[PDB]
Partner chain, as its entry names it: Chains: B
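In structure tokens, one chain follows: the form deposited without the partner chain.
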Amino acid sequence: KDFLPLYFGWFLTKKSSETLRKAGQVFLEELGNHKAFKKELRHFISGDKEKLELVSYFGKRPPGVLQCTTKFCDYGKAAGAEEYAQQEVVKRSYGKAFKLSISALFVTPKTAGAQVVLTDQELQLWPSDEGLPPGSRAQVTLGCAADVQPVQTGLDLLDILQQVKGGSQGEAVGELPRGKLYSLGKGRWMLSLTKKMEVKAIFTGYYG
């Protein structure tokens, strides 16, 4: 038996990764500057030379190219890993190029990320291990706070998408070049892009 990757996912191309990463940074710089954000600072961090630099706050960022993870396998140790990797669709798609659609950027006290909206064919690659449809958790992580783990970004996203589903999104508290800014409370923020970003990526396995 040959062992599996650390994980499967869509790995963005150099160009797409650079584009998204840069858009992510601009958003953190813009957000940290926004009046509506500075007002809610107490809900973002507990601690207290007045401005918070969000780029600094999300002090852990992906070292290489950005990526959208499907199944964490831990070389076969993760539950369902073998079952996921044995699927025809996974084996067929391995090394194939895809286009991912980014619909929004979001920030919480724990993570910063980009929401990915998967096509139906891409959803075939989403593992099957709430009231939101499958694949809602899909995202690209842009940054995390010092003690936060990668799995958190997907959780943060779902929590945001639930707030939207319930109509607690609210009126846009601002307008950024790329879209409307929304305050969901508890340090949560979302930029709904006027125009969805398309990024190119390759579906494959990372071995560490």
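Residue numbers count along the first chain shown, from 1.
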Should the segment between residue 88 and residue 89 be described as having none, 1 to 3, 4 to 9, or 10 or more unmodelled residues of the deposited sequence? none
Count class of coordinate-free deposited residues lying between the neighbours residue 48 and residue 49: 1 to 3
Can you let me know which of the two, 130 to 138 or 71 to 79, has the higher average C-alpha B-factor in the entry? 130 to 138
Once you work out the mean C-alpha B-factor for both 175 to 183 and 148 to 156 from the entry, which is higher? 175 to 183
Between 55, 31, 65, 41, let me know which has the highest C-alpha B-factor in the entry? 41
Tell me, lowest, middle or highest third: where does the Cα B factor of residue 23 rank within its chain? middle
Here the Cα B-factor of residue 197, set against its chain, lands in the third termed highest
Entry-reported Cα temperature factor of residue 143, expressed as the chain third it lands in: lowest
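A second form of this protein, the form solved in complex with the partner chain, is not displayed here; the remarks below concern that form.
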Answer for residue 14 alone: is it within 4.5 Å of the partner chain in the bound PDB entry, judged on heavy atom distances? yes
Although the partner isn't part of this model, could you tell me whether residue 41 comes within 4.5 Å of the partner chain in the bound PDB entry, counting any heavy atom of the residue? no
At 4.5 Å between heavy atoms, is residue 176 in contact with the partner chain in the bound PDB entry? no
Though only this chain appears here, would residue 94 touch the partner chain in the bound PDB entry if you measure heavy atom gaps against 4.5 Å? yes
If you apply a 4.5 angstroms heavy atom cut-off, which residues in 181 to 208 are near the partner chain in the bound PDB entry? 200, 201, 202, 204, 205, 206, 207
